[PDB]
>>> print(open('start_33.tsv').read())   # TSV, C-alpha atoms and all ligand atoms
chain	number	residue	atom	x	y	z
A	9	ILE	CA	0.00	0.00	0.00
A	10	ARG	CA	1.37	3.38	-1.08
A	11	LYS	CA	0.87	6.46	1.09
A	12	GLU	CA	1.77	10.12	0.49
A	13	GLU	CA	1.64	13.25	2.65
A	14	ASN	CA	0.11	16.68	2.07
A	15	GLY	CA	-0.28	18.46	5.40
A	16	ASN	CA	-3.18	16.95	7.33
A	17	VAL	CA	-3.98	14.71	4.37
A	18	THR	CA	-2.70	11.21	3.67
A	19	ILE	CA	-3.40	9.84	0.19
A	20	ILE	CA	-3.47	6.05	0.34
A	21	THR	CA	-3.31	3.93	-2.82
A	22	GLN	CA	-3.70	0.15	-2.86
A	23	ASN	CA	-4.02	-1.71	-6.16
A	24	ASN	CA	-5.37	1.17	-8.27
A	25	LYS	CA	-7.86	2.10	-5.55
A	26	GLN	CA	-7.23	5.32	-3.63
A	27	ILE	CA	-8.55	6.69	-0.33
A	28	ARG	CA	-7.78	9.76	1.78
A	29	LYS	CA	-7.27	10.35	5.50
A	30	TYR	CA	-7.81	13.70	7.22
A	31	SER	CA	-6.43	14.35	10.71
A	32	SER	CA	-7.88	16.67	13.35
A	33	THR	CA	-6.65	17.31	16.90
A	34	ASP	CA	-8.28	19.15	19.78
A	35	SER	CA	-7.31	19.57	23.44
A	36	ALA	CA	-9.37	20.46	26.50
A	37	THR	CA	-8.57	21.05	30.16
A	38	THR	CA	-11.09	20.32	32.92
A	39	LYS	CA	-11.82	22.31	36.09
A	40	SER	CA	-9.68	19.97	38.20
A	41	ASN	CA	-6.81	20.06	35.70
A	42	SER	CA	-7.50	16.80	33.92
A	43	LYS	CA	-6.46	16.87	30.27
A	44	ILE	CA	-8.15	15.35	27.25
A	45	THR	CA	-6.84	15.21	23.70
A	46	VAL	CA	-8.78	13.71	20.81
A	47	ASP	CA	-7.12	12.75	17.54
A	48	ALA	CA	-9.72	12.18	14.84
A	49	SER	CA	-8.80	10.47	11.58
A	50	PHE	CA	-11.54	11.04	9.02
A	51	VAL	CA	-11.31	8.41	6.31
A	52	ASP	CA	-12.63	9.20	2.83
A	53	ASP	CA	-13.19	5.89	1.08
A	54	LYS	CA	-15.46	5.99	-1.98
A	55	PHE	CA	-15.41	2.19	-2.10
A	56	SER	CA	-16.96	1.91	1.35
A	57	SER	CA	-20.74	2.05	1.75
A	58	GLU	CA	-20.36	4.57	4.58
A	59	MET	CA	-18.08	7.09	6.30
A	60	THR	CA	-15.53	6.02	8.92
A	61	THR	CA	-13.75	8.14	11.52
A	62	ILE	CA	-11.14	6.73	13.89
A	63	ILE	CA	-10.78	8.55	17.21
A	64	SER	CA	-7.76	8.32	19.50
A	65	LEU	CA	-8.37	9.47	23.06
A	66	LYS	CA	-5.34	10.62	25.07
A	67	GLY	CA	-5.66	12.04	28.56
A	68	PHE	CA	-4.10	12.87	31.90
A	69	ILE	CA	-5.97	12.49	35.17
A	70	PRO	CA	-3.97	13.68	38.19
A	71	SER	CA	-3.68	11.05	40.94
A	72	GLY	CA	-4.91	13.56	43.51
A	73	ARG	CA	-2.76	11.81	46.11
A	74	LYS	CA	-2.32	13.51	49.47
A	75	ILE	CA	-0.42	12.43	52.56
A	76	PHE	CA	-1.17	13.93	55.96
A	77	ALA	CA	-1.08	13.15	59.67
A	78	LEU	CA	-4.34	12.86	61.57
A	79	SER	CA	-2.11	12.56	64.63
A	80	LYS	CA	1.32	11.22	65.58
A	81	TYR	CA	-0.24	7.75	65.71
A	82	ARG	CA	-2.58	7.94	62.72
A	83	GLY	CA	-1.62	8.77	59.14
A	84	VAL	CA	-3.62	9.00	55.92
A	85	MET	CA	-2.67	8.46	52.30
A	86	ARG	CA	-5.37	9.51	49.84
A	87	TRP	CA	-4.99	7.67	46.54
A	88	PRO	CA	-6.83	6.93	43.25
A	89	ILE	CA	-8.20	3.40	43.53
A	90	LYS	CA	-10.07	3.85	40.23
A	91	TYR	CA	-9.96	5.89	37.02
A	92	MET	CA	-12.92	5.84	34.63
A	93	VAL	CA	-13.18	7.03	31.02
A	94	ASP	CA	-16.33	7.22	28.90
A	95	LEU	CA	-16.70	8.09	25.24
A	96	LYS	CA	-20.38	8.62	24.54
A	97	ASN	CA	-21.80	8.86	21.01
A	98	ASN	CA	-24.71	11.31	21.07
A	99	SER	CA	-25.88	10.78	17.49
A	100	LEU	CA	-27.27	7.25	17.20
A	101	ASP	CA	-30.55	8.96	16.23
A	102	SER	CA	-28.75	10.04	13.06
A	103	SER	CA	-27.46	6.47	12.76
A	104	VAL	CA	-23.90	7.45	13.69
A	105	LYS	CA	-22.40	4.40	15.37
A	106	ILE	CA	-19.45	3.28	17.45
A	107	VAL	CA	-18.60	0.06	15.60
A	108	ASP	CA	-15.44	-0.93	17.48
A	109	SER	CA	-13.11	0.17	20.28
A	110	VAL	CA	-9.97	-0.73	22.23
A	111	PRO	CA	-8.85	-1.91	24.69
A	112	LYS	CA	-11.25	-4.88	24.61
A	113	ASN	CA	-12.42	-6.94	27.57
A	114	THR	CA	-9.68	-6.93	30.21
A	115	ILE	CA	-5.99	-6.03	30.02
A	116	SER	CA	-3.58	-6.68	32.90
A	117	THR	CA	-0.15	-6.03	31.37
A	118	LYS	CA	1.98	-3.15	32.67
A	119	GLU	CA	2.06	-1.81	29.11
A	120	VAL	CA	-0.96	-1.71	26.81
A	121	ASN	CA	-0.60	-1.67	23.02
A	122	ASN	CA	-3.63	-1.74	20.73
A	123	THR	CA	-4.13	-1.34	16.99
A	124	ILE	CA	-7.03	-0.10	14.89
A	125	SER	CA	-6.68	-1.11	11.24
A	126	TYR	CA	-8.89	-0.01	8.35
A	127	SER	CA	-9.27	-1.74	4.98
A	128	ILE	CA	-10.56	-0.14	1.79
A	129	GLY	CA	-14.25	-1.00	1.63
A	130	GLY	CA	-14.94	-0.30	5.29
A	131	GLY	CA	-13.46	-3.30	7.07
A	132	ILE	CA	-12.19	-2.81	10.63
A	133	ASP	CA	-9.68	-4.89	12.59
A	134	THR	CA	-8.94	-4.20	16.25
A	135	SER	CA	-6.10	-5.84	18.14
A	136	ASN	CA	-5.03	-5.78	21.78
A	137	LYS	CA	-1.61	-6.38	20.25
A	138	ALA	CA	0.82	-3.90	18.72
A	139	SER	CA	1.32	-4.36	14.95
A	140	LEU	CA	2.09	-2.78	12.52
A	141	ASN	CA	3.35	-5.66	10.40
A	142	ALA	CA	0.25	-5.86	8.19
A	143	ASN	CA	-0.63	-4.15	4.91
A	144	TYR	CA	-3.76	-2.32	6.08
A	145	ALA	CA	-4.79	0.86	4.27
A	146	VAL	CA	-4.89	2.68	7.62
A	147	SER	CA	-3.59	1.55	11.00
A	148	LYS	CA	-3.69	3.55	14.23
A	149	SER	CA	-1.62	2.54	17.25
A	150	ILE	CA	-2.77	2.98	20.84
A	151	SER	CA	-0.41	2.82	23.82
A	152	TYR	CA	-0.27	3.57	27.56
A	153	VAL	CA	1.07	2.23	30.86
A	154	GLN	CA	-0.77	1.04	33.97
A	155	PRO	CA	1.67	-0.42	36.55
A	156	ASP	CA	-0.25	-2.24	39.30
A	157	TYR	CA	-3.58	-1.44	37.62
A	158	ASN	CA	-5.90	-3.32	35.28
A	159	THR	CA	-8.16	-1.99	32.53
A	160	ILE	CA	-11.61	-3.39	31.82
A	161	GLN	CA	-14.07	-2.25	29.17
A	162	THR	CA	-17.30	-1.87	31.10
A	163	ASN	CA	-19.37	-0.63	28.16
A	164	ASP	CA	-19.06	-1.49	24.48
A	165	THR	CA	-22.05	-0.44	22.37
A	166	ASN	CA	-22.98	1.80	19.45
A	167	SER	CA	-23.74	4.51	22.00
A	168	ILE	CA	-20.84	4.24	24.46
A	169	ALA	CA	-17.39	2.81	25.11
A	170	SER	CA	-16.29	2.78	28.75
A	171	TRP	CA	-13.09	1.76	30.54
A	172	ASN	CA	-12.26	1.18	34.19
A	173	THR	CA	-8.62	1.35	35.19
A	174	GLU	CA	-8.58	0.10	38.77
A	175	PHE	CA	-5.80	-0.80	41.19
A	176	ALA	CA	-5.04	-4.52	41.17
A	177	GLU	CA	-2.27	-5.60	43.54
A	178	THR	CA	1.10	-4.40	44.83
A	179	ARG	CA	4.37	-6.14	43.92
A	180	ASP	CA	4.42	-7.62	47.43
A	181	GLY	CA	1.06	-9.21	46.68
A	182	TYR	CA	-1.33	-7.02	48.69
A	183	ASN	CA	-4.64	-5.71	47.36
A	184	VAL	CA	-7.74	-3.98	48.72
A	185	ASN	CA	-8.98	-7.37	49.96
A	186	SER	CA	-5.89	-8.09	52.07
A	187	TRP	CA	-6.47	-8.36	55.81
A	188	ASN	CA	-3.91	-9.57	58.34
A	189	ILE	CA	-5.34	-9.90	61.86
A	190	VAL	CA	-2.34	-8.07	63.31
A	191	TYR	CA	-1.24	-5.54	60.68
A	192	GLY	CA	-4.57	-5.09	58.89
A	193	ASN	CA	-4.25	-4.17	55.22
A	194	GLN	CA	-0.57	-3.61	54.43
A	195	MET	CA	-0.77	-2.68	50.74
A	196	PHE	CA	0.87	0.75	51.15
A	197	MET	CA	2.57	0.17	54.51
A	198	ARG	CA	6.35	0.70	54.31
A	199	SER	CA	7.05	-1.09	57.58
A	200	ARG	CA	5.32	-2.62	60.60
A	201	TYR	CA	7.49	-1.10	63.33
A	202	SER	CA	9.18	2.02	61.93
A	203	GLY	CA	8.54	5.53	60.62
A	204	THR	CA	6.12	8.30	61.51
A	205	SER	CA	2.45	8.73	60.59
A	206	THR	CA	3.40	10.50	57.34
A	207	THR	CA	6.72	8.75	56.73
A	208	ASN	CA	5.62	5.11	56.68
A	209	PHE	CA	3.86	4.95	53.30
A	210	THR	CA	5.41	3.03	50.40
A	211	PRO	CA	8.18	5.28	48.99
A	212	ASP	CA	7.40	6.96	45.67
A	213	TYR	CA	9.93	4.88	43.74
A	214	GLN	CA	7.95	1.76	44.71
A	215	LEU	CA	4.48	3.07	43.84
A	216	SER	CA	2.73	3.00	40.47
A	217	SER	CA	3.06	6.27	38.56
A	218	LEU	CA	-0.74	6.23	38.53
A	219	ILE	CA	-0.55	6.96	42.26
A	220	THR	CA	2.39	9.39	42.41
A	221	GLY	CA	1.54	11.35	39.26
A	222	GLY	CA	-1.67	10.29	37.55
A	223	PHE	CA	-3.21	8.19	34.79
A	224	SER	CA	-2.30	8.80	31.14
A	225	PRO	CA	-4.88	6.71	29.26
A	226	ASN	CA	-4.89	6.14	25.52
A	227	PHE	CA	-8.12	4.59	24.27
A	228	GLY	CA	-9.71	4.29	20.84
A	229	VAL	CA	-13.05	4.14	19.04
A	230	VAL	CA	-14.29	3.84	15.47
A	231	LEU	CA	-17.38	5.74	14.33
A	232	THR	CA	-19.42	5.23	11.18
A	233	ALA	CA	-21.98	7.56	9.63
A	234	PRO	CA	-24.31	7.53	6.60
A	235	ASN	CA	-22.63	9.03	3.53
A	236	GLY	CA	-24.36	12.41	3.76
A	237	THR	CA	-23.77	13.09	7.47
A	238	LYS	CA	-22.60	16.63	8.22
A	239	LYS	CA	-22.13	16.73	11.99
A	240	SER	CA	-22.32	14.47	15.04
A	241	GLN	CA	-21.53	14.75	18.75
A	242	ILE	CA	-19.56	12.82	21.35
A	243	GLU	CA	-19.07	13.25	25.10
A	244	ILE	CA	-15.95	12.26	26.99
A	245	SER	CA	-16.13	11.78	30.75
A	246	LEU	CA	-13.15	11.51	33.08
A	247	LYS	CA	-13.80	10.09	36.54
A	248	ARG	CA	-11.48	9.47	39.48
A	249	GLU	CA	-12.31	7.68	42.72
A	250	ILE	CA	-10.17	8.54	45.73
A	251	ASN	CA	-9.75	6.27	48.74
A	252	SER	CA	-8.15	6.93	52.13
A	253	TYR	CA	-5.52	4.43	53.24
A	254	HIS	CA	-5.11	4.83	57.00
A	255	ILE	CA	-2.22	3.59	59.11
A	256	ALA	CA	-2.74	3.60	62.87
A	257	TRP	CA	-0.21	2.68	65.54
A	258	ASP	CA	-1.20	0.39	68.39
A	259	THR	CA	2.00	-1.44	69.26
A	260	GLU	CA	2.66	-1.76	65.54
A	261	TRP	CA	1.31	-0.19	62.37
A	262	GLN	CA	-2.11	-1.43	61.31
A	263	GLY	CA	-3.44	-0.53	57.86
A	264	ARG	CA	-6.95	0.06	56.56
A	265	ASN	CA	-8.44	1.40	53.33
A	266	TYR	CA	-11.64	3.48	53.39
A	267	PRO	CA	-13.77	4.98	50.61
A	268	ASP	CA	-13.59	8.76	50.20
A	269	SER	CA	-14.72	10.71	47.14
A	270	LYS	CA	-15.54	10.65	43.43
A	271	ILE	CA	-14.89	13.32	40.81
A	272	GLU	CA	-16.49	13.22	37.36
A	273	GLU	CA	-16.02	15.73	34.54
A	274	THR	CA	-17.44	15.78	31.01
A	275	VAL	CA	-16.27	17.44	27.80
A	276	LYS	CA	-18.33	17.72	24.62
A	277	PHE	CA	-16.90	17.49	21.09
A	278	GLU	CA	-18.53	18.06	17.71
A	279	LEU	CA	-17.45	16.15	14.62
A	280	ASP	CA	-17.76	17.92	11.29
A	281	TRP	CA	-17.62	15.08	8.76
A	282	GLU	CA	-17.54	17.51	5.83
A	283	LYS	CA	-14.73	19.76	7.03
A	284	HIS	CA	-12.96	16.85	8.76
A	285	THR	CA	-12.74	18.66	12.10
A	286	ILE	CA	-13.23	17.84	15.75
A	287	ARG	CA	-14.05	20.77	18.05
A	288	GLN	CA	-15.01	21.12	21.70
A	289	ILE	CA	-18.47	22.67	22.08
A	290	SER	CA	-20.89	23.93	24.74
B	1	ZN	ZN	-14.84	13.28	4.40
B	2	ZN	ZN	-15.70	-4.66	21.16
B	3	ZN	ZN	-14.86	26.17	18.75
>>> encode(input="start_33.tsv", output="structure tokens", more="lines below")
Ligand SMILES: [Zn+2]
Ligand SMILES: [Zn+2]
Ligand SMILES: [Zn+2]
Amino acid sequence: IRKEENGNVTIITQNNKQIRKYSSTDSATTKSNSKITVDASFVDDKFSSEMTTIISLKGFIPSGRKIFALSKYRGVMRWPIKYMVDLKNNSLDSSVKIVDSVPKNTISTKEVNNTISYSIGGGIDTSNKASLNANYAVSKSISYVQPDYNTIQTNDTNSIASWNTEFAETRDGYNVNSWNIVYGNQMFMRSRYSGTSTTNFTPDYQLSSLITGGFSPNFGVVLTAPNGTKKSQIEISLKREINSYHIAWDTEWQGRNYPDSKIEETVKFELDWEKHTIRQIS
């Protein structure tokens, strides 16, 4: 397959048949300083019965971690047990559809690599693997990291694709279910007999970057639309759940994780299928 560049246009030729790809990028910042970036690739394929747009979602959700002493004998580490991302298609009434998305099902690897491949005619192939060793007319790579976390697709329909990236288990084998009758839950406990109430949490170099910094998701969807479609809408929601991991000293440190708070923010984007643009609206 031959491809050639012309700014935001890629002319793709495969066996006498030619298609075009138009790129559009928009960025938005939320009230709580979460970041969302959408890369839309509008495909123009006269040999396909409909219009196809591939959307790459890249974001940053701050961990919101805080460490403070309740007293000399009780310390608290607030941390993001769960990150949630929704891409909602608001135009199913106009028969605009999400026809595929990645990641699929559940992914547990520290590094996530997905691939969205388009074939002339409309065909779509989605892989939870990396590529790009195949001769697809258009392939889009998706990649992010999630040390100590897992990602599950909780919704996968024409109307919505949803992902939960939730804490799984520490390297030492502790999770939110761990309970030792003496030391309680020790998932983020640096030691059982040392440190102060704000000094005895797992050092930063031994915590997931999702806890020390934040989550940098990269997810993907594919939308289709009837040939004449001018505009459609999507909504992207970023959600973070914070928990409070308490350590309390009796004659040793005892650990316990409590629920705390949830923050959800939503950004709206309009797709102009004629001008090949994606713009935040509202
Ligand atoms: Zn077009
Ligand atoms: Zn699927
Ligand atoms: Zn605008």
>>> residues_near_ligand(input="start_33.tsv", ligand="ligand ZN 1 (chain B)", cutoff="6 Å", atoms="only C-alpha atoms and all ligand atoms", output="MDAnalysis selection string")
chainID A and resid 52 281:282 284
>>> atom_distance(input="start_33.tsv", atom1="atom CA of residue A:242", atom2="atom CA of residue A:19")
26.8 Å
>>> atom_distance(input="start_33.tsv", atom1="atom CA of residue A:27", atom2="atom CA of residue A:48")
16.2 Å
>>> axis_aligned_box(input="start_33.tsv", around="stretch 48-56 of chain A", padding_each_side="3 Å", output="JSON")
{"center_x": -12.9, "center_y": 7.0, "center_z": 6.4, "size_x": 14.2, "size_y": 16.3, "size_z": 22.9}
>>> atom_distance(input="start_33.tsv", atom1="atom ZN of ligand ZN 3 (chain B)", atom2="atom CA of residue A:235")
24.2 Å
>>> closest_residue(input="start_33.tsv", among="A:30, A:35, A:77, A:114", to="ligand ZN 3 (chain B)", atoms="only C-alpha atoms and all ligand atoms")
A:35
>>> residues_around(input="start_33.tsv", residues="stretch 253-265 of chain A", least_positions_apart="3", cutoff="7 Å", atoms="all atoms listed in the file", output="count of residues only")
14
>>> closest_atom_pairs(input="start_33.tsv", of="chain A", to="ligand ZN 2 (chain B)", cutoff="8 Å", atoms="only C-alpha atoms and all ligand atoms", output="Markdown table")
| residue | atom | partner | partner_atom | distance |
| --- | --- | --- | --- | --- |
| A:107 | CA | B:ZN2 | ZN | 7.8 |
| A:108 | CA | B:ZN2 | ZN | 5.2 |
| A:109 | CA | B:ZN2 | ZN | 5.6 |
| A:110 | CA | B:ZN2 | ZN | 7.0 |
| A:112 | CA | B:ZN2 | ZN | 5.6 |
| A:113 | CA | B:ZN2 | ZN | 7.6 |
| A:164 | CA | B:ZN2 | ZN | 5.7 |
| A:165 | CA | B:ZN2 | ZN | 7.7 |
>>> residues_near_ligand(input="start_33.tsv", ligand="ligand ZN 3 (chain B)", cutoff="12 Å", atoms="only C-alpha atoms and all ligand atoms", output="list in words")
residues 34, 35, 36, 276, 277, 278, 279, 280, 285, 286, 287, 288, 289 and 290 of chain A
>>> closest_residue(input="start_33.tsv", among="A:22, A:206, A:269, A:121", to="residue A:78", atoms="all atoms listed in the file")
A:206
>>> residues_near_point(input="start_33.tsv", point="(-10.7, 5.5, -6.0)", cutoff="12 Å", atoms="only C-alpha atoms", output="PDB file with C-alpha atoms, keeping the file's coordinate frame")
ATOM      1  CA  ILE A  19      -3.400   9.840   0.190  1.00  0.00           C
ATOM      2  CA  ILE A  20      -3.470   6.050   0.340  1.00  0.00           C
ATOM      3  CA  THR A  21      -3.310   3.930  -2.820  1.00  0.00           C
ATOM      4  CA  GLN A  22      -3.700   0.150  -2.860  1.00  0.00           C
ATOM      5  CA  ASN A  23      -4.020  -1.710  -6.160  1.00  0.00           C
ATOM      6  CA  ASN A  24      -5.370   1.170  -8.270  1.00  0.00           C
ATOM      7  CA  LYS A  25      -7.860   2.100  -5.550  1.00  0.00           C
ATOM      8  CA  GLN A  26      -7.230   5.320  -3.630  1.00  0.00           C
ATOM      9  CA  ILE A  27      -8.550   6.690  -0.330  1.00  0.00           C
ATOM     10  CA  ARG A  28      -7.780   9.760   1.780  1.00  0.00           C
ATOM     11  CA  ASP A  52     -12.630   9.200   2.830  1.00  0.00           C
ATOM     12  CA  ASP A  53     -13.190   5.890   1.080  1.00  0.00           C
ATOM     13  CA  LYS A  54     -15.460   5.990  -1.980  1.00  0.00           C
ATOM     14  CA  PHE A  55     -15.410   2.190  -2.100  1.00  0.00           C
ATOM     15  CA  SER A  56     -16.960   1.910   1.350  1.00  0.00           C
ATOM     16  CA  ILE A 128     -10.560  -0.140   1.790  1.00  0.00           C
ATOM     17  CA  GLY A 129     -14.250  -1.000   1.630  1.00  0.00           C
TER      18      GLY A 129
END
>>> closest_residue(input="start_33.tsv", among="A:130, A:234, A:228, A:155", to="residue A:64", atoms="only C-alpha atoms")
A:228
>>> closest_residue(input="start_33.tsv", among="A:172, A:98, A:147, A:186", to="residue A:127", atoms="all atoms listed in the file")
A:147
>>> residues_around(input="start_33.tsv", residues="residue A:249", least_positions_apart="3", cutoff="8 Å", atoms="only C-alpha atoms", output="PyMOL selection string")
chain A and resi 88-91+268-271
>>> write_last_selection(input="start_33.tsv", atoms="C-alpha atoms", output="compact mmCIF listing (two decimals), in the coordinates of the input")
# COMPACT_ATOMS: atom_id res chain seq x y z
CA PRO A 88 -6.83 6.93 43.25
CA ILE A 89 -8.20 3.40 43.53
CA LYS A 90 -10.07 3.85 40.23
CA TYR A 91 -9.96 5.89 37.02
CA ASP A 268 -13.59 8.76 50.20
CA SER A 269 -14.72 10.71 47.14
CA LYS A 270 -15.54 10.65 43.43
CA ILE A 271 -14.89 13.32 40.81
>>> closest_residue(input="start_33.tsv", among="A:224, A:40, A:266, A:169", to="residue A:185", atoms="all atoms listed in the file")
A:266
>>> closest_residue(input="start_33.tsv", among="A:163, A:205, A:42, A:103", to="residue A:272", atoms="all atoms listed in the file")
A:42
>>> residues_around(input="start_33.tsv", residues="residue A:230", least_positions_apart="5", cutoff="12 Å", atoms="all atoms listed in the file", output="count of residues only")
40
>>> residues_near_point(input="start_33.tsv", point="(5.4, 1.8, 51.6)", cutoff="6 Å", atoms="all atoms listed in the file", output="PyMOL selection string")
chain A and resi 196-198+209-211
>>> decode(input="start_33.tsv", residues="stretch 87-164 of chain A", atoms="C-alpha atoms", output="mmCIF file, in the first residue's frame")
data_model
loop_
_atom_site.group_PDB
_atom_site.id
_atom_site.type_symbol
_atom_site.label_atom_id
_atom_site.label_comp_id
_atom_site.auth_asym_id
_atom_site.auth_seq_id
_atom_site.Cartn_x
_atom_site.Cartn_y
_atom_site.Cartn_z
ATOM 1 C CA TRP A 87 -4.991 7.667 46.540
ATOM 2 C CA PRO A 88 -6.833 6.933 43.253
ATOM 3 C CA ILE A 89 -8.199 3.403 43.529
ATOM 4 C CA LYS A 90 -10.068 3.850 40.231
ATOM 5 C CA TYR A 91 -9.963 5.893 37.024
ATOM 6 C CA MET A 92 -12.921 5.842 34.629
ATOM 7 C CA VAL A 93 -13.180 7.027 31.022
ATOM 8 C CA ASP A 94 -16.329 7.222 28.899
ATOM 9 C CA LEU A 95 -16.701 8.092 25.241
ATOM 10 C CA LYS A 96 -20.382 8.622 24.536
ATOM 11 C CA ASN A 97 -21.799 8.860 21.009
ATOM 12 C CA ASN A 98 -24.711 11.315 21.070
ATOM 13 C CA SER A 99 -25.881 10.784 17.489
ATOM 14 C CA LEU A 100 -27.270 7.253 17.197
ATOM 15 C CA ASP A 101 -30.546 8.958 16.235
ATOM 16 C CA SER A 102 -28.754 10.039 13.062
ATOM 17 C CA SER A 103 -27.456 6.470 12.758
ATOM 18 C CA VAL A 104 -23.904 7.451 13.687
ATOM 19 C CA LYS A 105 -22.395 4.397 15.369
ATOM 20 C CA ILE A 106 -19.446 3.277 17.449
ATOM 21 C CA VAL A 107 -18.598 0.063 15.603
ATOM 22 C CA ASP A 108 -15.441 -0.925 17.483
ATOM 23 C CA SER A 109 -13.113 0.165 20.283
ATOM 24 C CA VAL A 110 -9.974 -0.729 22.225
ATOM 25 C CA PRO A 111 -8.854 -1.914 24.694
ATOM 26 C CA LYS A 112 -11.246 -4.883 24.614
ATOM 27 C CA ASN A 113 -12.418 -6.944 27.575
ATOM 28 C CA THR A 114 -9.678 -6.934 30.214
ATOM 29 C CA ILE A 115 -5.986 -6.027 30.021
ATOM 30 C CA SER A 116 -3.582 -6.685 32.898
ATOM 31 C CA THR A 117 -0.148 -6.035 31.372
ATOM 32 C CA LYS A 118 1.976 -3.155 32.666
ATOM 33 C CA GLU A 119 2.058 -1.814 29.111
ATOM 34 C CA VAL A 120 -0.958 -1.707 26.808
ATOM 35 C CA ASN A 121 -0.596 -1.673 23.022
ATOM 36 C CA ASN A 122 -3.632 -1.736 20.731
ATOM 37 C CA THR A 123 -4.128 -1.337 16.994
ATOM 38 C CA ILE A 124 -7.035 -0.096 14.887
ATOM 39 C CA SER A 125 -6.675 -1.109 11.244
ATOM 40 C CA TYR A 126 -8.886 -0.014 8.347
ATOM 41 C CA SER A 127 -9.274 -1.740 4.980
ATOM 42 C CA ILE A 128 -10.557 -0.139 1.787
ATOM 43 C CA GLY A 129 -14.248 -1.000 1.627
ATOM 44 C CA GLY A 130 -14.943 -0.296 5.288
ATOM 45 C CA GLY A 131 -13.462 -3.302 7.073
ATOM 46 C CA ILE A 132 -12.193 -2.813 10.629
ATOM 47 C CA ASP A 133 -9.684 -4.890 12.594
ATOM 48 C CA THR A 134 -8.942 -4.201 16.253
ATOM 49 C CA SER A 135 -6.097 -5.839 18.145
ATOM 50 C CA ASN A 136 -5.031 -5.781 21.779
ATOM 51 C CA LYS A 137 -1.605 -6.380 20.245
ATOM 52 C CA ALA A 138 0.825 -3.899 18.720
ATOM 53 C CA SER A 139 1.321 -4.361 14.947
ATOM 54 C CA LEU A 140 2.090 -2.775 12.519
ATOM 55 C CA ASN A 141 3.345 -5.656 10.398
ATOM 56 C CA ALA A 142 0.253 -5.855 8.193
ATOM 57 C CA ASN A 143 -0.633 -4.147 4.910
ATOM 58 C CA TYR A 144 -3.758 -2.321 6.075
ATOM 59 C CA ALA A 145 -4.785 0.864 4.273
ATOM 60 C CA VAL A 146 -4.886 2.677 7.621
ATOM 61 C CA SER A 147 -3.593 1.545 11.005
ATOM 62 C CA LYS A 148 -3.690 3.554 14.229
ATOM 63 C CA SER A 149 -1.618 2.537 17.255
ATOM 64 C CA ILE A 150 -2.769 2.976 20.845
ATOM 65 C CA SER A 151 -0.408 2.815 23.825
ATOM 66 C CA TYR A 152 -0.267 3.566 27.556
ATOM 67 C CA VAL A 153 1.065 2.226 30.864
ATOM 68 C CA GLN A 154 -0.773 1.042 33.971
ATOM 69 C CA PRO A 155 1.668 -0.417 36.551
ATOM 70 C CA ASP A 156 -0.251 -2.244 39.302
ATOM 71 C CA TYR A 157 -3.576 -1.442 37.618
ATOM 72 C CA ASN A 158 -5.902 -3.325 35.281
ATOM 73 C CA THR A 159 -8.161 -1.990 32.534
ATOM 74 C CA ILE A 160 -11.609 -3.387 31.819
ATOM 75 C CA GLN A 161 -14.066 -2.247 29.165
ATOM 76 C CA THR A 162 -17.303 -1.870 31.101
ATOM 77 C CA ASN A 163 -19.368 -0.628 28.163
ATOM 78 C CA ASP A 164 -19.061 -1.492 24.482
#
